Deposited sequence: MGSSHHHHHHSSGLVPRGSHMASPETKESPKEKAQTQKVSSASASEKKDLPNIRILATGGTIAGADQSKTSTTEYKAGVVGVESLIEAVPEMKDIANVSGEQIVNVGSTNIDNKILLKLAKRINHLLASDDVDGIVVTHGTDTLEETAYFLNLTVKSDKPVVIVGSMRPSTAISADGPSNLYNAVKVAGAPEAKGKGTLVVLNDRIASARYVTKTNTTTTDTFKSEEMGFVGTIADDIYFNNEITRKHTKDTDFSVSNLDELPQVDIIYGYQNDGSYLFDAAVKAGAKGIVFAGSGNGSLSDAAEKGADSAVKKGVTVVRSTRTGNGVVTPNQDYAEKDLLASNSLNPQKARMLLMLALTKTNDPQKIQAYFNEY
């Protein structure tokens, strides 16, 4: 007597991106055509105020739901500012191949040509697509299906902000879904990370590189209890002499230091001079995404060679 449709659960982390989560759901009635949609409010914060406590709660809830036969896929609604941080964390900690799609809107729900309704519809379409199984955590905005591993927010305000210059999208939407790429990095069900038994994460802070910078921010991070530091270096993870003094001091005090880049794209490569002093390379992870992997790495090991190996596979 009923139409068979996928069971998609929306987990909201902030306000409504289209139009409570119950209403959010009624603002995009088109979703009923393609899913049996249900919803829950996890937390309710602006994305700059998403923190490690919330991430642990969110990953645990997703893992619980996806283990059930009554949930086919999940859509997480989230503020765009830090969406990429949450999406990549879930990419490393969700231990299921069922789809998890993270979505937001660049224009408020009340704005002229608000982008939330289409984004949400498309997120639910992807989350219920059989072919979305096994693709890793996905970010869906503006008719594009991006991997959490490769995507970033590239522009402050534009609808088309989430992109990957060098890796493009997993797929795109033009009425139908077109899947184009599968990523090569390890993810989701295949990672070595679990947050099932964790109530906190190792502290990791980020320091920026620039002309005439110093060592004082490294020293402050160490004093504040950082277990890891990601440095957003100029170019290919480069450090001034002052920054390198700070990084070396941190390493000597037992902090793991990973060199990322402030440029936005490309790989940070191992460099003999840096590698021999355990100033690690972030691969193609930007500073905030490198932080997520470093926190998780530090739950498993303090060995710099093992952490570097994670940065090449995840």
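Undergrad: Walk along the deposited sequence from position 1 and note every stretch that has no C-alpha coordinates.
TA: Those parts of the chain that were deposited but carry no coordinates are 1 to 45, 65 to 80.
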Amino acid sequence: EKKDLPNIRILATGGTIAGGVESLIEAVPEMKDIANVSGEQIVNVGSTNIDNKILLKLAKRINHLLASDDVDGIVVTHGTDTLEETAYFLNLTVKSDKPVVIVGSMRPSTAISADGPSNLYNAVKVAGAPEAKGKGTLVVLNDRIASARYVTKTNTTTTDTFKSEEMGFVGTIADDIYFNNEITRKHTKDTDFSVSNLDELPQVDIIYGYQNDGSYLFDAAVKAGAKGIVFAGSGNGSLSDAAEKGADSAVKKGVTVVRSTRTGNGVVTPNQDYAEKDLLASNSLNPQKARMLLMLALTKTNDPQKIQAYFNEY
From here on, numbers count along this sequence of modelled residues.
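Undergrad: Tell me which of 64 to 72 and 279 to 287 has the higher mean C-alpha B-factor in the deposited entry.
TA: Mean B over CA atoms: larger for 64 to 72.
Undergrad: Using only the Cα atoms and their B-factors as the entry lists them, report which of 160 to 168 and 211 to 219 averages higher.
TA: Result: 211 to 219.
Undergrad: Which one, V267, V258, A35, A27, has the peak C-alpha temperature factor per the PDB entry?
TA: Each of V267, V258, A35, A27 was compared by C-alpha B-factor; the highest is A27.
Undergrad: For the chain shown, is the CA B-factor of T191 in the lowest, middle or highest third of its modelled residues?
TA: For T191, whose C-alpha B-factor we compare with every modelled residue in the chain, the answer is the middle third.
Undergrad: Give the position of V94 by CA B-factor within its chain, expressed as the lowest, middle or highest third.
TA: Middle third, going by the recorded CA B-factors of the chain.
Undergrad: Determine, from the deposited record, the chain-internal third of the Cα B-factor for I112: lowest, middle or highest.
TA: Its C-alpha B-factor, which the entry lists for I112, ranks in the highest third among residues of this chain.
Undergrad: Among all modelled residues of this chain, ranked by Cα B factor, put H78 in the bottom, middle or top third, i.e. lowest, middle or highest.
TA: Lowest third of the chain for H78's C-alpha B-factor.
Undergrad: In terms of the chain's CA B-factor thirds, is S238 lowest, middle or highest?
TA: Middle third of the chain for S238's C-alpha B-factor.
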